[PDB]
């Protein structure tokens, strides 16, 4: 069965996880959290314990604001990486780790499309492989590696697979994508789940790895979010057969992505999962 996940809009304490399960009316199979590259495992541990105590898998998006691909490739973050690997091995439990995500965009300082041009496919791949090498050298085979793309290539030099580090370094591929509706002054439009995800999925479906929808959500404005949710999950089950997990992004942020942005959205979400 499709694994159901979320970023719940806050750090996943025991009570945040339980509250989201009451909200969506179902267990969370996967709990998503975001951390940077100046956060040690000791800070993660009480969250990880809440996730595992609930019978869920923790997925961490591990964001190197503090080191770009050149820094990482060159070994300048290795002390930090090594401690994380040691600590995660000692912890022992199955963790899905998603480092250097959305690198086919232009908004992160490790991304290929980032305006300084410092990150290339070569430096990205070398960085990703270097991280995985350190984890394996430290015995952290409990850590599963998640490659990621944004649904669209944004910025110069970006592509779905140019930065792919190889099947020997990846356990899961993944896609992030949003229906922005008409909410953005950059001229956004309502897009169905297919309109958002199909192109990236076709590219990743060429790789013999399972796929996670690591982040998705819909706006309320410009269409019927309840129907979008119903149709999204139908589409995942019907036509995105390599997808093994769907992880909503539940936060009132750029727009109201939450599953409870309206009562009707919530009801549709509860039924869809």
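Residue numbers count along the first chain shown, from 1.
Chemist: Identify the stretch, either 177-185 or 127-135, whose C-alpha atoms have the larger mean B-factor according to the entry.
Modeler: On average, C-alpha B-factors are higher across 177-185.
Chemist: Averaging only over Cα atoms, indicate whether 112-120 or 158-166 has the higher B-factor in the PDB entry.
Modeler: Between 112-120 and 158-166, it is 112-120.
Chemist: So among 148, 74, 82, 202, who wins on Cα B-factor in the entry?
Modeler: Most elevated C-alpha B-factor of the set, per the entry: 202.
Chemist: Of the three thirds of its chain by CA temperature factor, lowest, middle or highest, which one includes residue 102?
Modeler: Residue 102: CA B-factor falls in the lowest third of its chain.
Chemist: For residue 66, does the deposited CA B-factor place it in the lowest, middle or highest third of the chain?
Modeler: It falls in the bottom third of the chain.
Chemist: Ordered by C-alpha B-factor within the chain, which third holds residue 220? Give me lowest, middle or highest, please.
Modeler: Middle third, going by the recorded CA B-factors of the chain.
Chemist: Based on the entry's values, in what third of the chain does the Cα temperature factor of residue 240 lie: lowest, middle or highest?
Modeler: Highest third of the chain for residue 240's C-alpha B-factor.
Chemist: What third of the chain, by the recorded C-alpha B-factor, contains residue 140?
Modeler: For residue 140, the deposited C-alpha B-factor lands in the highest third.
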